[PDB]
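Single chain ahead, written as structure tokens, the form deposited in one PDB entry.
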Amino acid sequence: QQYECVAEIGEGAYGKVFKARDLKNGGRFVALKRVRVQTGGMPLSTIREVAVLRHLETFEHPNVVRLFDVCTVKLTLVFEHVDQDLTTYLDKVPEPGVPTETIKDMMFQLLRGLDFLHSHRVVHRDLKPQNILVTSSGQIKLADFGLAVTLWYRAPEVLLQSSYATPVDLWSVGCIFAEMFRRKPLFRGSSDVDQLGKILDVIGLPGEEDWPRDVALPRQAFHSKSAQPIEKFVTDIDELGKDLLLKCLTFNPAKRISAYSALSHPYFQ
């Protein structure tokens, strides 16, 4: 065999990720993701999703994890190995937290890799610090995308089950943006209705025209009254970071800022 697994990195709905030894490339560390596929025979939606992943590899974007090899048997993906994710970085950073300019750089690399995905019509749909990898040199690399439970980073339209477009990932970016300063999740709910309730306690109840129609939860189901200043939960944030954070934490996904427009925000000057 060409690879040799040495440890398990994690398992879940994505599959099972292993830390492996690239026996034919000098023994470098790699990440093997095995995923079973119900053959009949392989589903066309899975074959098409792999072609998009190899096409996205041709660009070799620095803010997405590298795809080295693809093997078949039921489906093994060989990615470059990153030593830690975002949670491990936030847990190990000394006091009083992440440097202010380090947050700006990591948020910029996050938006670059996300804009690269949205430019090719790819929605991450599950952006969270657990799948945001931090290179030993400090680079941000996105992982676990393109292949089809914490609700703390779900967009309001996902909790309401209405729309699932690219603004879904920008809401998660806002939740991660606040967690940069807080080093603890901003909206930490225990259910679908609980997560949406703690969201509306901060950003306030949106207008009746902003609430999606033909959803189970109506606007009257929540009495969250008014909004609160964001600097109460996210201390040490500046004016430019506050304006960018609020444009990501917009209820209406149509009024939410895009990853492309977020790259040109005055916060990155």
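Sequential numbering from 1, following the sequence displayed. C-alpha atoms forming the largest set that superposes within 1.5 Å between two forms make up the rigid core.
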* **Other entries lacking residue 228, at least a third** => no
* To do: Give yes or no for this: do at least a third of the other compared entries, each modelling residues before and after residue 40, lack coordinates for it?
  => yes
* To do: Report, from the record, the number of residues in the deposited sequence between residue 73 and residue 74 that have no coordinates, as none, 1 to 3, 4 to 9, or 10 or more.
  => 4 to 9
* For the stretches 187-195 and 110-118, which has the higher mean C-alpha B-factor as given in the deposited record? -> 187-195
* Structure fact -> With B-factors read from the PDB entry, the higher C-alpha mean of 238-246 and 40-48 is in 40-48
* Which of these has the highest Cα B-factor in the record: 53, 30, 65, 221? -> 221
* Which one, 167, 94, 129, 156, has the peak C-alpha temperature factor per the PDB entry? -> 94
* To do: Sorting the chain's modelled residues by C-alpha B-factor, tell me whether residue 179 ends up in the lowest, middle or highest third.
  => lowest
* Structure fact -> Temperature factor at the Cα of residue 105, chain-ranked in thirds, falls in the middle
* Structure fact -> Temperature factor at the Cα of residue 172, chain-ranked in thirds, falls in the lowest
* **Third assignment of residue 253 from its chain's C-alpha B-factors** => lowest
* Structure fact -> residue 148: C-alpha B-factor third of its chain, per the entry, is the highest
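Keep in mind the form deposited in another entry is missing from the figure; the text below concerns it.
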* Tell which of 57, 49, 210, 238, after superposing on the rigid core, has its C-alpha displaced by 2 Å or more between the shown form and the other one, please. => 49
* **Displaced residue check between the shown form and the other one: residue 247, CA, 2 Å or over, core reference** => no
* To do: Inspect the rigid-core superposition and answer whether the C-alpha of residue 259 shifts by 2 angstroms or more between the shown form and the other one.
  => no
* To do: Compare the CA separation of residue 14 and residue 134 in the other entry with the one in the displayed structure, and answer closer or farther (the difference is at least 3 Å).
  => farther
* Relative to the form shown here, do the C-alpha atoms of residue 117 and residue 15 sit closer together or farther apart in the other entry, given a change of 3 Å or more? -> farther
